[PDB]
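One protein chain, two forms: both are listed below as structure tokens, the first as structure 1 and the second as structure 2.
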Structure 1
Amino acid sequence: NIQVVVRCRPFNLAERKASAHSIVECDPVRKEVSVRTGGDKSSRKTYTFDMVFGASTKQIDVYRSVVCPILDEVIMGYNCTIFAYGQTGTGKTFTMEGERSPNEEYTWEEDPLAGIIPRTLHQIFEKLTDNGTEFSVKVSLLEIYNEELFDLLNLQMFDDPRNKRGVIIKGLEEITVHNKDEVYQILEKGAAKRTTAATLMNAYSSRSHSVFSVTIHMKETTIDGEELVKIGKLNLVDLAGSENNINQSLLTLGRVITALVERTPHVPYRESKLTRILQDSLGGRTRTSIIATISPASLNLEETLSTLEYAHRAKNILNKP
């Protein structure tokens, strides 16, 4: 139930300035990433994943391929989580949040540069208004920095007495999003925050986990007129940069993912703030996906191999001859 995909972004100008060369070749059809490792010429390691998106990949492609099937499961009343993992500067935030094309050329709903979070919020309204039923949508956004919780929309964690796998975050702002106009407003506010953030703030962010949670309450009425409510939650997690001190939440999440994939009887959720928060959306019926982001440039060989080695172990798929 854990999908692992790789997304490689295009070369950037910093990498061209450094005179780096391309060491990554992506093959979306074979689902492979091959990396030149010798600096050598023939030295090469190949990894196989569930999906591989190369540099030309559009935001809408990632959304349709990765998120849509997961959203469908959330709408059935399950809790699911999608992660972006990788070195700082490789595309975690672009993938999760994306951005607005310059000059207001598009609405957020239609913008080709919008990422997973804005697309998910728009699709929830689409999918459920055309479904015909009554529903509400709430969002929260929290940051985990140095094993402490911060509310990005405005904290203390306690186990939830009415949910053996869940926690209650005291004081966390959960805002109702009533329509698509309110979606636009939250996105405009977030972009303003990103755009005007000082350098120290961006830096903090590169070392922090961001957890955007959308909770959907869906009402049905049995034939005789009884009201029933089901709840689905989708956590969209932009992880701290993976480059090498040790991030306790990231190491703990890795261990949790390993325990889940290997069917280790003890899954160490309690060992970190992040994994306690995500416990109720990990390990169960639920679809989980990890999007591992990488750079194609030679400058980043060590960090790219680190990411690929981890992601490969998390899925372990044998290369097809």
Structure 2
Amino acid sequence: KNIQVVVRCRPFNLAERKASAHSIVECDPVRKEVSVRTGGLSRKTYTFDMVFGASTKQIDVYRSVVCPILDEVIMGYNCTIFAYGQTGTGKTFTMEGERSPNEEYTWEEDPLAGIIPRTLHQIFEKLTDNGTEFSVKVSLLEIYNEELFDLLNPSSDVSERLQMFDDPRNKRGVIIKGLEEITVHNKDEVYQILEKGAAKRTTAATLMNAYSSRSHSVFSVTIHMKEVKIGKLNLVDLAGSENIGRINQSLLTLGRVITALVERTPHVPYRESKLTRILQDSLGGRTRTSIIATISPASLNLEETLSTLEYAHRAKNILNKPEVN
């Protein structure tokens, strides 16, 4: 199962209007092509598993990319979904989403929901209707400046840092010490567990500079089903791609890993950055993986729009082989 790479273009921000930028990016959903106008203020075309226009709705993404994958979670296969791109291109919007402000929508009925709310809701829905003894445990670890933080725990201070060591009896696996896996009774529990985590994030933005921009958010869900069956979904929200070129250790390392795998060069540097070691099976491994790439249409972001694209195209080539748990 080759890694699924899919490109998502968001509408022009007011900031791009004020930078004067015109539109350099055309998204073709049918042909699944992205075309970038490099030449002037003539074009380059790329072909991805999916292409998502500026008109893409959150549920759309959920259906095309996420639903199939969660279906493969029920079978007990581990799966990872990356969200990659330049800051402000929409990575957090995809992984999380937002509430409609003047609307009365319940978070489960809200059009603006990103992948995480949606998935969490559905697991309870589908598996209640299935009704077979499921239990859910969700942890979230953010990597900043090569340090590990557990957001989810209430009892821990925002500052405290976990320790990671190569897994015993796994080797491929890694153990993050003191990472809280907080079992979820129900969705109305989901909202609280995530909400406190958002409060911790607000505290830690003040603690660290350009936190929101340089951090990697690794969200993990582990479902226990009876019959036994175990499934694990990693929703990863990467630090902005802009720092990367054609700084961030873990991000730079992720690029190196993708490059090595596509290249076929002998050494792939899993060891170097926390993200690659934790997410090691996500890359050239037994975990089914997809990548949502994110880009801006406006001309001023062109070098970045190209960089993002170059990674995804390259990452298309990489070979994955997923297996049931």
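In this text, rigid core is short for the largest set of C-alphas that superpose within 1.5 Å between two forms. Along the sequence of structure 1, residues get numbers from 1 upward.
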Which of 67, 282, 294, 52 is displaced between structure 1 and structure 2 by 2 angstroms or more at its C-alpha, rigid core aligned: 282
Could you tell me whether the Cα atom of residue 33 shifts by at least 2 Å between structure 1 and structure 2 after core superposition? no
Residue 165 C-alpha shift between structure 1 and structure 2 of 2 Å or more, rigid core reference: yes
Would you say residue 202 moves its Cα by 2 Å or more between structure 1 and structure 2, aligning on the core? yes
Core superposed, what is the CA shift for residue 258 between structure 1 and structure 2, in angstrom? 4.5
Provide the displacement, in Å, of the CA of residue 103 between structure 1 and structure 2, taking the core as the superposition reference. 3.4
Cα shift of residue 239 between structure 1 and structure 2 after core superposition, in Å? 0.4
